[PDB]
Amino acid sequence: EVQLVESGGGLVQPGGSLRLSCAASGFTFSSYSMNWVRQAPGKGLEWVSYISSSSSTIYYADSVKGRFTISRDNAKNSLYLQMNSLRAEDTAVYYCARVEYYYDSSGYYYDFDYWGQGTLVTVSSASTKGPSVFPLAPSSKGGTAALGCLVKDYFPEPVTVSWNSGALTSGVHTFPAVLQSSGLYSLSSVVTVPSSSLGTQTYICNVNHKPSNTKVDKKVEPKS
Amino acid sequence: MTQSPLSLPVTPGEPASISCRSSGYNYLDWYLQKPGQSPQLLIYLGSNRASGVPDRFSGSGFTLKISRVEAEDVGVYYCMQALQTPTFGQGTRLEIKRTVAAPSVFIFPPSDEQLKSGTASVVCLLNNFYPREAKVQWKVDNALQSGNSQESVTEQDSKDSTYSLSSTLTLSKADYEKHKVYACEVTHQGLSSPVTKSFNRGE
Numbered sequence: 001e002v003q004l005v006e007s008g009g010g011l012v013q014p015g016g017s018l019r020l021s022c023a024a025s026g027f028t029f030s031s032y033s034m035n036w037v038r039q040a041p042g043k044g045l046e047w048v049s050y051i052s053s054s055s056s057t058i059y060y061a062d063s064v065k066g067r068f069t070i071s072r073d074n075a076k077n078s079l080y081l082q083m084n085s086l087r088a089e090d091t092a093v094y095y096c097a098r099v100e101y102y103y104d105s106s107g108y109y110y111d112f113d114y115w116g117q118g119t120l121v122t123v124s125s126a127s128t129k130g131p132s133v134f135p136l137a138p139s140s141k145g146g147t148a149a150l151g152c153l154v155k156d157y158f159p160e161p162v163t164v165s166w167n168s169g170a171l172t173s174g175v176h177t178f179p180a181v182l183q184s185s186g187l188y189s190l191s192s193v194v195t196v197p198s199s200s201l202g203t204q205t206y207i208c209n210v211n212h213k214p215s216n217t218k219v220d221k222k223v224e225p226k227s
Numbered sequence: 004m005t006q007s008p009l010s011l012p013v014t015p016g017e018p019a020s021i022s023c024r025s026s033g034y035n036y037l038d039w040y041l042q043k044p045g046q047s048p049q050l051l052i053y054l055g056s057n058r059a060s061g062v063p064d065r066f067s068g069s070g075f076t077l078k079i080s081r082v083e084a085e086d087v088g089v090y091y092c093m094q095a096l097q098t099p100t101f102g103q104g105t106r107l108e109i110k111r112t113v114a115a116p117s118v119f120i121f122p123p124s125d126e127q128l129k130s131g132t133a134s135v136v137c138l139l140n141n142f143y144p145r146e147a148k149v150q151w152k153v154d155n156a157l158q159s160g161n162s163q164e165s166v167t168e169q170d171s172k173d174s175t176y177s178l179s180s181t182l183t184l185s186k187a188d189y190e191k192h193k194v195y196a197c198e199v200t201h202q203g204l205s206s207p208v209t210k211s212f213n214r215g216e
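These protein sequences, in sequence, are chains A and B.
Numbered according to PDB author numbering, the first sequence spans residues 1 to 141, 145 to 227.
Numbered according to PDB author numbering, the second sequence spans residues 4 to 26, 33 to 70, 75 to 216.
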């Protein structure tokens with residue numbers, strides 16, 4: 001299968017630099033032109049830069065010209081975006097995307113057929129902080148019960164939450180983080196389960212905050 | 004300047020038409042970005058369907078047309094002008110107008126572990142409701158709380174077309190210990206009268 005896997009995103013101070021990578025597999029990378037596309041939180045897609053298969057043709061959006069440099073290493077199956085002089089409005093999820101071309105007697109046309117998973121760049125002067133994970137214990141309701152985990156006081160985004168290492172997805176709701184007054188994020192993840200099984204089954208939320216290298220598996224059980 | 008996607012409410016089983024909103034048609038593509046995912050190609054060369062794209066999707070000159082809208086179509090649709098350099102239009106977020114569904118409400122006390130740290134978070138969960146308009150109100154010892162809560166809401170579910178909401182009331186440990194009755198009161202079109210879930214500190 002065709003895969004594009006981005007990396008290099010994270011926190012960076014205003015004015016600093018950061019380098020993104022996009023690792024291609026499952027197709028002949030040397031034959032394809034590539035693009036970077038970005039998306040600010042809650043906003044639309046914005047094309048960033050283009051590079052042809054052999055790097056002979058390169059284009060930049062006016063918003064990033066003179067600050068960003070696109071490149072590629074076909075022997076390493078990698079596409080790069082070097083970002084310098086970063087500003088607050090550069091905060092976004094960055095995607096790499098592969099170009100598919102069509103040709104006829106009138107010219108050429110294209111679309112983007114495969115996209116990476118995206119990597120978040122946060123331009124901010126604030127410091128990295130790992131979260132605390134607290135349980136949301138199932139109530140004495145037997146019906147349908149709810150339990151979850153509060154992932155509190157971290158920076159920057161994002162965090163990943165799974166339940167039972169991925170075995171439990173049915174009924175899981177992971178909410179968008181809220182930015183607290185302190186400048187630290189907080190989010191919750193919840194699951195609804197048959198309350199008839201609160202004693203037999205063991206529920207664990209797996210919290211991972213890569214920006215701080217934090218990995219927590221907190222068991223959630225009802226209180227007496 | 005960045006732009007938030009536009010909302011287009013549609014009734015399931017009814018047609019929808021999405022304008023490119025850019026501000033022949035071989036140069037036009039459509040993409041769908043489902044919640045929490047990256048964009049996926051829908052229409053290319055103006056009106057060719059990418060593989061696996063259902064019958065109901067088609068392009069015409075310039076809009077995207079869904080003959081009958083289904084729950085799995087929720088997401089943000091993006092028109093791309095594939096010129097020498099590409100450009101994307103403002104997104105259009107489909108809102109699926111399903112039947113009214115009341116929220117299931119749950120209240121969570123602060124964990125003993127968190128209280129050891131000097132802060133207390135009380136959480137109120139509103140599960141799987143529609144429409145989006147639900148309101149949470151916090152009361153502590155039967156006194157309305159103001160300015161000390163925050164909430165977030167999931168995007169509309171691809172299967173049942175509902176929303177869920179989580180609200181957090183934040184108090185210091187000292188304040189939490191000074192009061193007894195903690196309640197969140199929920200108003201929503203699916204509830205003929207507001208629902209209150211509560212607990213007393215110390216059970």
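We treat Cβ as the ideally placed atom computed from N, Cα and C, and that holds for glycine.
- Chain-ordered residues of the segment 94 to 117 of chain B with a beta carbon less than 9 Å from chain A: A95, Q97, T98, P99, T100, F101, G102, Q103, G104 and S117
- Message: Determine whether the beta carbon atoms of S179(B) and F178(A) lie at a separation below 8 Å.
- Response: yes
- Task: Closer than 8 Å by C-beta to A61(A): which residues in its own chain qualify, once you throw out the five before and the five after it? Chain order, please.
- Result: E46, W47, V48 and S49
- Taking the runs of the beta strand (DSSP E) that are 3 residues or longer, which of them lie wholly in the segment 47 to 132 of chain A? 58 to 60, 68 to 73, 78 to 83, 92 to 104, 107 to 115 and 119 to 123
- Determine whether the Cβ of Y90(B) lies closer than 8 Å to any Cβ atom of chain C. Within the model displayed, chain C is absent; protein chains A and B are what it includes.
- Message: Quick check on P159(A): does DSSP put it in helix, strand or coil?
- Response: coil
- What first and last residue would you give for the beta strand (DSSP E) that runs through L184(B)? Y176 to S185
- Query: How big is the Cα-Cα spacing for residue 143(A) and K129(A)?
  - Reply: It's not possible to place residue 143(A) here, given that chain A moves directly from 141 to 145.
- Message: Could you give the first and the last residue of the continuous beta strand (DSSP E) run that contains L51(B)?
- Response: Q49 to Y53
- If the cut is a Cβ gap below 8 Å, which residues of chain B does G202(A) touch? Near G202(A) there are no residues of chain B at all, since even the closest Cβ is about 18 Å away, more than 8 Å.
- Query: According to a CB-to-CB cut-off of less than 7 Å, which residues of the segment 140 to 153 of chain B neighbour chain A?
  - Reply: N140
- Task: Report the residues of the segment 68 to 93 of chain A with a CB closer than 7 Å to any CB of chain B, ordered along the chain.
- Result: none
- Message: Please list, in chain order, the chain B residues whose beta carbon lies closer than 8 Å to that of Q117(A).
- Response: Simply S47.
- State the DSSP-derived secondary structure class of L96(B), mapped to helix, strand or coil. coil
- Query: Closest by CA to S71(A), which one among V162(A), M34(A), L11(A) and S106(A)?
  - Reply: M34(A)
- Message: Tell me the DSSP secondary structure of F119(B) in three-state form.
- Response: strand
- Message: Pull the bridge partners of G42(A) from the DSSP assignment, please.
- Response: Answer is none; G42(A) lacks a bridge partner.
- Flag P44(B) as yes if its beta-carbon sits less than 8 Å from any beta-carbon of chain A, otherwise no. no
- Message: Could you tell me the alpha carbon to alpha carbon distance between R65(B) and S211(B), rounded to whole angstroms?
- Response: 47 Å
- Between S165(A) and the rest of its own chain, which residues show a CB-CB distance below 7 Å, the 5 nearest in sequence each way excluded? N209
- Task: Check the Cβ of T167(B) against every Cβ in chain A and list those closer than 7 Å, keeping chain order.
- Result: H176 and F178
- Where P122(B) and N155(B) are concerned, what is the direct C-alpha to C-alpha distance, given to the nearest angstrom? Here the alpha carbon of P122(B) sits roughly 16 Å from the alpha carbon of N155(B).
- Message: Please state the DSSP three-state secondary structure of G88(B).
- Response: strand
- Task: Pick out the complete beta strand (DSSP E) segments inside the segment 105 to 163 of chain B, 3 residues or longer, and give them in chain order.
- Result: 105 to 109, 117 to 121, 132 to 142 and 147 to 153
- Message: By the three-class DSSP mapping on this structure, what secondary structure does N216(A) have?
- Response: In this structure, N216(A) counts as coil in the three-state DSSP scheme.
- Cβ-based burial, residue 74(B) [other Cβ within 10 Å; buried from 16]: A break in chain B separates 70 from 75, and the residue in question, residue 74(B), sits inside that break with no coordinates.
- Query: If we call anything under 8 Å between Cβ atoms a contact, is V62(B) one with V13(B)?
  - Reply: no
- Item | Range covered by the beta strand (DSSP E) that runs through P197(A) | The continuous beta strand (DSSP E) containing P197(A) extends over residues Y188 to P197.
- Query: Taking the C-alpha atoms as reference points, what is the distance between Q103(B) and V113(B)?
  - Reply: 29 Å
- Task: Out of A180(A), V12(A), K65(A) and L79(A), point me to the one whose CA is closest to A24(A)'s CA.
- Result: Taking only the C-alpha atoms, the option nearest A24(A) is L79(A).
- Message: I want to see whether chain A comes within less than 8 Å of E85(B), judged by CB atoms only; does it?
- Response: no
- Message: Which residues in chain A have a C-beta closer than 7 Å to the C-beta of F119(B)? List them in chain order.
- Response: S139 and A149
- Does the Cβ of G145(A) have 16 or more other Cβ atoms within 10 Å, making it buried, or fewer, making it exposed? exposed
- Item | Simplified DSSP state of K191(B), which is helix, strand or coil | helix
- Message: Which residue marks the beginning of the beta strand (DSSP E) containing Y40(B), and which one marks its end?
- Response: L37 to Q42
- Query: Quick one: does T128(A) have its CB under 8 Å from some CB of chain B?
  - Reply: no
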